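Encoded as structure tokens, the structure appears first; notes follow it.
Since every read-out is calculated from the coordinates, none of them should be taken as a lab result. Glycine gets a Cβ as well: all are built from the backbone with ideal geometry, and neighbour counts include every protein chain shown.
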Amino acid sequence: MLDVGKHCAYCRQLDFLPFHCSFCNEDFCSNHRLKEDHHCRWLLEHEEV
Ligand SMILES: [Zn+2]
Ligand SMILES: [Zn+2]
């Protein structure tokens, strides 16, 4: 029993395949794998049009 999956940092969902973001450096369930999903700081930093 060691690191049995990472829980989303937005909805807190225990997933087996945590999506690691190479922009904000955070784990998020597949459902929130997208950037905007977890409100990626990078997306907010550059939001035009
Ligand atoms: Zn999630
Ligand atoms: Zn991100």
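May I ask you to verify whether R12 is of a type outside the set (D, E) and on the phi > 0 side of the Ramachandran plot?
In short, yes.
Please find, within the range 39-49, the residue that is nearest to ligand 2 (Cβ to nearest atom) out of those that are of a type outside the set (V, I, T) and in a loop (DSSP other than H, G, I, E, B). Working first, answer last.
To start, the set of residues in the range 39-49 that are of a type outside the set (V, I, T) comprises 39-48.
So of that shortlist, the ones also in a loop (DSSP other than H, G, I, E, B) come out as 39-40, 46-48.
On the way: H39: 8, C40: 3, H46: 13, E47: 14, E48: 18 Å.
The residue in question is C40.
If you go through the range 11-38 one residue at a time, how many are in a loop (DSSP other than H, G, I, E, B) and loosely packed, with under 14 Cβ neighbours inside 10 Å? Write out each step before concluding.
First, the residues of the range 11-38 that are in a loop (DSSP other than H, G, I, E, B): 11-13, 16-18, 21-26, 29, 33-35.
Subsequent filtering for residues that are loosely packed, with under 14 Cβ neighbours inside 10 Å retains 11-12, 16-17, 22-23, 25, 34.
Here the count works out to 8.
For the range 1-26, the set of residues classified as within 9 Å of the chain's Cα centre (by Cα) and of a type in the set (S, T, Y) consists of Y10 only. The residues of the range 1-27 that are more than 13 Å from ligand 1 (Cβ to nearest atom) and within 21 Å of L43 (Cα to Cα), listed by number, are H20, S22, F23, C24, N25.
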